[PDB]
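Reading through the structure tokens given below for one structure.
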Amino acid sequence: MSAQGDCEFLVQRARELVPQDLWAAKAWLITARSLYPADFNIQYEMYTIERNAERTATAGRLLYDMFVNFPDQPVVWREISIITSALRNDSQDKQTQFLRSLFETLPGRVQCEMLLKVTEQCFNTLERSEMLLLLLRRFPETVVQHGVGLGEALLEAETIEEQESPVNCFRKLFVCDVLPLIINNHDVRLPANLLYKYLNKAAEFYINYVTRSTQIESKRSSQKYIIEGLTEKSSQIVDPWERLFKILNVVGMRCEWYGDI
Amino acid sequence: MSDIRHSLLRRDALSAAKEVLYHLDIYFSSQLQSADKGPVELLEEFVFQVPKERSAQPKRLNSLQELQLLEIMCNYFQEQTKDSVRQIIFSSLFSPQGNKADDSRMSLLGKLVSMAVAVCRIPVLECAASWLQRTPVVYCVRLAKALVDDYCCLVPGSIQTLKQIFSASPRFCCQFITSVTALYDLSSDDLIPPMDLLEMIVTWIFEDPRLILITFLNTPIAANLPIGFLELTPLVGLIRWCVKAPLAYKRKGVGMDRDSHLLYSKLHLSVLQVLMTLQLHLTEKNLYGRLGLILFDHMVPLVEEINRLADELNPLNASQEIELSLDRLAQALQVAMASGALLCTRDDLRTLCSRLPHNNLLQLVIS
Amino acid sequence: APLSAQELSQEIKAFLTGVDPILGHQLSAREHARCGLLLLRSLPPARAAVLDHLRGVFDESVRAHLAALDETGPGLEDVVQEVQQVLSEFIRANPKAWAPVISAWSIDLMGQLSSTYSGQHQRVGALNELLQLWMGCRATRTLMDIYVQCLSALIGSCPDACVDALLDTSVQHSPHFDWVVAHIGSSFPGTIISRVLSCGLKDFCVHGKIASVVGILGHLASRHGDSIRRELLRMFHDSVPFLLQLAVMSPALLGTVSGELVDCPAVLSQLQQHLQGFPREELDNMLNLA
């Protein structure tokens, strides 16, 4: 067979050519052929620290070839994680927009598989609840198919979090995220029970947002509170009243509907 | 016809030659199915500037009037704008006859091509590229060398004009890439690739090679050509030139010539990427696979010359260069075997590895 | 790249037609020079056309300078400086192809102009006075400086080819530009004066006048170079009446040869006796000249 020897030789040749040029190593790995996925992975690893345009193009071509041929490999997950990390930079320049656009260029299947794997590997109850909330909010189809199961899932998530009181900022953020998913899809009709449950959840979220417990262990509008074990700036939520208005609008859109108010 | 010859026979100032050329081009465009000695002599005097008495002077210096004749030919070609007329002109100019007249006409055509590239004339560039595709190895090499010398010696930064012409005119860029791949090999110091030529080759390999592949796919071509009649794919030529470039630099002392090594590495990477894309696009179909579509049977002699040059002080001083050349050759052989360039099987690759110096990784690469 | 093909096409068409189709105004010679210099940066055929036009431009400048000298354009320093800098950069970028043709153009122009002016002017020992009156001018002196710079660039690369071209032009145009050859020999004594002597003796053997011009040039180049010329003459005599004829016609070379003979010979006497077998009439004529 001698597959291991050939792979080791290709990896060594790629590594030795790094000081000369990443392009030469990538070209040698590609031209080697035979075990194409191994050579592509070696070239990507060699060019991982590189930032040249030619190296980036070669890495992208190798990744696309691997995605077409290799059904499952950690290289795709690592690339997705790197893209996500790049997108998390400061938004005070065009670099963040470019990184976000590059990250969004990846197929949705790979991102969905990575999210499912992360949720499966997340042993923490809070992480599992966050993953479930993100999955429910991303696609309204799952929520529509579940029907009355959204309330049970929310109750299970709250119980898993070990915080019965819903005054925490996390519960309000999850409620707002659930509301935006319904607001996005106006064609998702729901029965009377679902509407009542949504109204109760919105009322609870508004009550929590208006005031929160002090437990511990050119114009604009905002408020203040204390987060549960996290920085108050971490809760990036803008205009909860506008979110409630959008939820009411989506509800009205489904059924075709002194001072100012 | 007769009137044009009668007018051209008398008087030195051939001011009526432009009218005759325009009439001939119009007749060719409108009556290609319907279309002598006098016209042949007139064309030879205009382009080649070779009189009837070849051993005698070629119509004196023929330099001051050469620019005027080239401008007149460029204007006539621009006014033509016809595929049939341009093809007829190219066929007439590049047709061999067993004498230096064909070579002189090819040189004049290359000069006109350079003038058109300076003016970015799309139809003139297309006609020149078609003529170059119908030219021999020596004529193509001479034209490429003259174009490279003109683009390198005109003034600093003149490669920008060549790059702009390549971007605007894709046919001319593809023809230049094919000519460079066939000619530029760095086998000898006389044929040493230039830095500006290397940059132009890299720019052509970047985007122009896709146009060359598209043109090859549009109309089929023979698996082999006599003396490489402007082989379409430039990957093989660029790879051979890049492989010979490090060995030539070592023979010509490591950092003294560093720009050439980097340019060769970039050109090799671009050629490998183009070859990989072409393989990924064409292997699904049966269009290619016998011997690809390009090589010109020149890679072996250049590789042998590079190996012979690198043999002197191979392990002592040029050990790094020898290892780099061996790795490049092994990668090229592996790509050739994977791309179907091999005639029957990888037996030739095994023989080359056996005759080559100690390289164990090639044995595992083949398997 | 703001320079579009349309502007270049219009300009070249207007130049070829000879009359501007829109403006209809005969542009000044300075504008033609500006356009030519701009084209020279890019097009070598246009560079050849620029040299062809520069032949006439330098003819006009030399005629103007001669008229000014006899009777007694604007910015004489600036235009000459610009042309010199353009040519210097052009040679610097790639001397191999540009230096020989430019040097040949300059020397052929100088020779042709000197041929015309030797007879059409009152301004033209003797070769020393010619050197004074020729170097005295400004434009011709700067052109000679440019040619000297070109040769100093070319001496290291191709000395034999430059010497061959110079001697071919000399045998074709001897009584015209020899003073420039005399200056070049004075600057570079050994090889130049050796080749001049070789050319003179070769022409003398062919005949069985170039010799007078050769002697004049050797005398002119003797200043700052007489010792090297005497050494060359001694080397030539070491290996025949051409040296004697040159010594007779050149007083400076005559003094140099007298000093050499005073310096220095039984082997030399035997060599002379071997050469003494020549016909009696030639020997008698040589004795009379001696």
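Would you list C:219, C:237 from fewest to most Cβ contacts within 10 Å? Let's see the in-between values first.
On the way: C:219 24, C:237 17.
By the 10 Å Cβ count, ascending, the order reads C:237, C:219.
Roughly how crowded by other chains is peptide A:30-41, in terms of the mean Cβ count from those chains within 10 Å of each of its Cβ atoms?
Numbers: counts 10, 21, 8, 10, 7, 2, 2, 0, 0, 1, 0, 0.
Mean shielding count: 5.
For the protein assembly as shown, give the magnitude of the charge dipole about the Cα centre (Cβ charges: +1 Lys/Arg, -1 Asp/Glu; no others), in debye to the nearest 20. Could you put the intermediate results ahead of the total?
Numbers: 84 positive and 103 negative charges, 181 e Å.
So the dipole magnitude of the protein assembly as shown works out to roughly 880 debye.
Under unit Cβ charges (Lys, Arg +1; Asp, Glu -1), what dipole magnitude, rounded to 20 debye, does chain B have relative to its Cα centre? Each step should come with its number before you reach the end.
On the way: 35 positive and 39 negative charges, 63 e Å.
For this selection, approximately 300 debye.
Near residue C:184, within a Cβ-to-Cβ distance under 13 Å, what is the net charge of the other residues, with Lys and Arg +1 and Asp and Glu -1? If you can, show how the numbers build up before the last one.
Values: positive: C:195; negative: C:145, C:178.
So the surrounding residues net to -1.
Could you work out how far apart the two model spin labels at residue B:227 and residue C:272 are, taking each label as a point 7 Å from the Cα in the direction of the beta carbon, and quote it in nm?
The modelled label-to-label distance comes out at 6.6 nm.
Residues of the stretch A:216-252 with amide nitrogen under 16 Å from the 7 Å Cα-to-Cβ point of residue A:184?
Correct set: A:243, A:246-247, A:250.
Where the centroid of each part is defined by its Cα atoms, how far is the stretch C:11-76 from the stretch B:102-147 in Å?
Cα centroid to Cα centroid, the span is 31 Å.
So for chain C, what are the equivalent ellipsoid semi-axes in whole Å, largest first, each being the square root of 5 times an eigenvalue of the Cα gyration tensor?
Details: eigenvalues 453, 79, 51 Å².
Its equivalent ellipsoid spans semi-axes of 48, 20, 16 Å.
Would you mind ranking C:137, A:176, C:158 by Cβ crowding within 10 Å, fewest neighbours first? Working shown, then result.
Working: C:137 17, A:176 20, C:158 14.
Ascending number of Cβ neighbours within 10 Å: C:158, C:137, A:176.
In whole Å, what three semi-axes, largest first, describe the equivalent ellipsoid of the protein assembly as shown built from its Cα gyration tensor (square root of 5 times each eigenvalue)?
On the way: eigenvalues 1260, 239, 206 Å².
Ellipsoid semi-axes (Å, largest first): 79, 35, 32.
In peptide B:268-276, how many Cβ atoms from other protein chains are near each Cβ within 10 Å, on average?
On the way: counts 6, 13, 3, 2, 9, 9, 0, 3, 9.
Across B:268-276, the average partner-chain Cβ count within 10 Å equals 6.
Could you tell me the convex hull volume per residue, in Å³, taken over the Cα atoms of chain A?
Values: hull volume 54.1 nm³, N = 261.
Considering the Cα atoms of chain A, their hull volume per residue is 207 Å³.
Once the other residues with Cβ under 11 Å from the Cβ of residue B:112 are scored (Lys, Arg +1; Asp, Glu -1), what is the net sum? Could you put the intermediate results ahead of the total?
On the way: positive: B:105, B:111, B:121; negative: B:66, B:71.
That sum, taken over residues with Cβ under 11 Å, equals +1.
What does the C-alpha gyration tensor say about the overall shape of the stretch C:40-109? Classify as rounded when a/c is under 1.5, otherwise prolate if a/b is larger than b/c, or oblate. Walk me through the intermediate numbers first.
Values: a/c = 2.38, a/b = 1.93, b/c = 1.23.
Prolate shape, in that a/c is at least 1.5 and a/b is the bigger ratio.
DSSP loop (so not H, G, I, E, B), at most 13 other Cβ within 10 Å: list which trypsin sites (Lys or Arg not before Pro) in the stretch B:289-367 pass both filters. Intermediate results must be reported in sequence, preceding the final value.
Numbers: sites: B:290, B:308, B:328, B:346, B:350, B:355; in loops: B:290, B:346.
Taking the stretch B:289-367 and a limit of 13 other Cβ atoms within 10 Å, the loop trypsin sites (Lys or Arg not before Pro) found are B:290.
So how far, in whole Å, is the C-alpha centre of the stretch B:303-367 from the one of the stretch C:79-102?
Comparing the Cα centres of the stretch B:303-367 and the stretch C:79-102, I get a distance of 47 Å.
Compute the FRET efficiency between residue C:82 and residue B:138 as 1/(1 + (r/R0)^6), taking r as their Cβ-Cβ distance and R0 = 51 Å, and round to the nearest 0.05. Write out the running numbers ahead of the final one.
Working: r = 42 Å, r/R0 = 0.83.
Using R0 = 51 Å, I get an efficiency of 0.75.
Let me make sure I get this right: for the stretch B:178-300, a, b and c are the square roots of the gyration tensor eigenvalues over alpha carbons, sorted descending. Under 1.5 in a/c it's rounded, otherwise prolate if a/b > b/c, else oblate. Which is it?
Working: a/c = 2.34, a/b = 1.84, b/c = 1.27.
It comes out prolate by the Cα gyration axes.
What per residue convex hull volume, in Å³, do the alpha-carbon atoms of the stretch B:215-367 yield? Present the calculation step by step, with values, prior to reporting the outcome.
Working: hull volume 17.9 nm³, N = 153.
About 117 Å³ per residue, rounded to a whole number.
Going through the cross-link list B:244/B:285; A:219/A:246; A:26/A:94; B:163/B:266; B:145/B:266; B:111/C:13, which pairs have a Cα-Cα distance over 25 Å in this structure?
On the way: B:244/B:285 33 Å; A:219/A:246 21 Å; A:26/A:94 29 Å; B:163/B:266 16 Å; B:145/B:266 21 Å; B:111/C:13 19 Å.
B:244/B:285; A:26/A:94, as the Cα separations exceed 25 Å there.
Evaluate E = 1/(1 + (r/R0)^6) for residue A:15 and residue B:350, where r is the Cβ-Cβ distance and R0 equals 30 Å; express this FRET efficiency to the nearest 0.05. Intermediate values should be presented prior to the final figure.
Numbers: r = 26 Å, r/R0 = 0.88.
That pair, residue A:15 with residue B:350, gives E of 0.70.
Based solely on its DSSP helices, what 222 nm [θ] is calculated for chain C when runs of n ≥ 4 H residues each add -39,500 (n - 2.57) and the sum is averaged over all residues, nearest 500 deg cm²/dmol?
Details: 16 runs with 242 residues, N = 290.
About -27500 deg cm²/dmol.
Measuring from label point to label point, each 7 Å out along Cα→Cβ, what is the residue C:133 to residue A:226 span in nm?
11.2 nm
Would you mind getting me the FRET efficiency between residue C:59 and residue B:78? Use the beta-carbon distance for r and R0 = 41 Å, nearest 0.05. Don't skip to the end; give the middle numbers.
Working: r = 36 Å, r/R0 = 0.88.
Plugging the Cβ-Cβ distance into 1/(1 + (r/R0)^6) gives 0.70.
Using only Cα atoms, figure out Rg for the stretch A:122-247 and give it as a multiple of 2.2 N^0.38 Å. Working shown, then result.
Numbers: Rg = 14.7 Å, N = 126, 2.2 N^0.38 = 13.8 Å.
For the stretch A:122-247, the normalised Cα radius of gyration is 1.06.
Can you give the mean number of other chain Cβ atoms that lie within 10 Å of the Cβ atoms in peptide B:320-329? Walk me through the numbers before you get to the answer.
Details: counts 2, 0, 0, 2, 4, 0, 0, 7, 5, 0.
That works out to 2 on average.
Mind checking the log10 I(q)/I(0) for the stretch B:83-202 at q = 0.10, 0.19 Å⁻¹? Debye, one equal scatterer per Cα, no solvent, two decimals.
-0.27, -0.99
Which value in Å is the Kirkwood Rh of the stretch A:25-136 over different Cα pairs? All intermediate terms of the calculation are to be shown ahead of the outcome.
On the way: mean 1/r = 0.0642 Å⁻¹.
It is 15.6 Å.
Per DSSP H run of n ≥ 4, the term is -39500 (n - 2.57); total these for chain B, divide by its residue number, and report the mean residue ellipticity at 222 nm rounded to 500 deg cm²/dmol. Intermediate values should be presented prior to the final figure.
Details: 18 runs with 244 residues, N = 367.
Taken over chain B, the calculation gives -21500 deg cm²/dmol.
Mind listing the Cα extents of chain B along all three principal axes, in Å, largest one first?
Reported extents, whole Å, longest axis first: 74, 47, 36.
Values quoted throughout were computed directly from the atomic coordinates according to the rules given, and no laboratory measurement underlies them. As a convention, Cβ positions derive from the backbone with ideal geometry for all residues, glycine included, and neighbour counts pool all protein chains shown.
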